[PDB]
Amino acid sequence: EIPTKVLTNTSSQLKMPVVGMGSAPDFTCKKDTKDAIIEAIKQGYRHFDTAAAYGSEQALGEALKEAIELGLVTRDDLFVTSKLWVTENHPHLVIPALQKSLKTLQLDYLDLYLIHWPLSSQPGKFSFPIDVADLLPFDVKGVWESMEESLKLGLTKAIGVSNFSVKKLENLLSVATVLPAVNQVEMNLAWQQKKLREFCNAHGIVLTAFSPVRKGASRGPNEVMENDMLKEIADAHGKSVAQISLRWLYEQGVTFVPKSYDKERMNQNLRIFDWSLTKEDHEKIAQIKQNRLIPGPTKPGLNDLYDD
C-alpha cells in the first residue's frame, strides 16, 4: 500500500498519500492526459495535483469522473489538490477562483487548495509568463482570510500555500487563524530545502515536493539524472536515479508529486517502498551541490522571490 502522511495542521488530521501524480505542462509531451490519469488510478495513484494555471484541470476532472463511474475508485479515496493563480490572488477573487476550479474539475470539493505563489497580478486574464508590470501588491492577510472562509464553506477540506519561504511563512503565521496545512515547493536531490523543511516540520506544515526529478528531460540537461554519484547509488541498488530521488524524499518525511504519463515510468515512481537507502547513501546525497531549477512565474525574474 502507498503510505499516507497526516496533515498535522488540519483539525481532522487528513491523510495525504505521500506520492501523487502531477499535471503541470510537459513541453515534450503529447500523451493523452485523461487516459494517463485513468491508468494512474488503475495502478494505485489516489493523490492528484493540479492548478488553474496548468490547463489540466479539465482533463483531470474528466478522468476522475469516468474512473468513479466505472467503479475504479470513489471520490472519498481520492486526494485532489488545485491552486489559486496569481491573477486571482486578491481577497475577494479567491472564492470565485476556487468555485471556477471546482466547476472545471467537475468536483464538489477539493481535498487541498493552495495559494500558488506569494504574488498577485492583473486580475481576469491568464498570461504566462507574468509581465512584471502587471504585478500588484499581495494582501496575504486578506487572501488567507478568504482561504479560511473556503474551509467553512466546505469548498476545500484543507488550505495551504506554495513557493513560500520561511520568511513569508513566518509572516503568514502571524496573521493566520488556521495554520497552513501544506507548503508545496521545489524539492529534489539538487535542491533539498533543508532549512525550509525544518521550519515547516517545527510548525506542523507538511512539505510537498514539486519537480522532484527536476522535470526529467523536458528541459535539456538534467543535473540530477547526470550526477555520476547518483548514477552509482542507483546502480548499486538496481534502481533508477528517479527511484533513488523519490525514495530519498520519502525518507526525509516529505510528500512528492512527480508527473509521468508513461505507463512504465509512472509505475516505477510507485515502486519505492520495499527497499531503502543506506546511511552512506544519505551522506553522499547530503553532499550534492545545490541549484534551484524553478525561478518564478514572472518575466523578468524576481531575485528576492524566495528571500534567499
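Sequential numbering from 1, following the sequence displayed.
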**Request:** On mean C-alpha B-factor from the PDB entry, just flag whether 229-237 or 209-217 is the higher one.
**Result:** 229-237
**Item:** Higher-B stretch (mean Cα B-factor, as the entry records it), 94-102 or 167-175
**Value:** 167-175
**Message:** Given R46, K279, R271, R265, identify the residue with the highest C-alpha B factor in the PDB entry.
**Reply:** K279
**Fill in**
Max C-alpha B-factor within the set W275, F27, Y250, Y54 falls on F27
**Fill in**
So, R75's CA B-factor, relative to its chain, sits in which third? The middle
**Chain-relative CA temperature factor third for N183** = lowest
**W191, C-alpha B-factor rank within chain (lowest, middle or highest third)** = highest
**Prompt:** So where's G124 on the chain's Cα temperature factor ranking, which third?
**Reply:** lowest
**Request:** Select lowest, middle or highest to describe the third in which the CA B-factor of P137 falls within its chain in this entry.
**Result:** middle
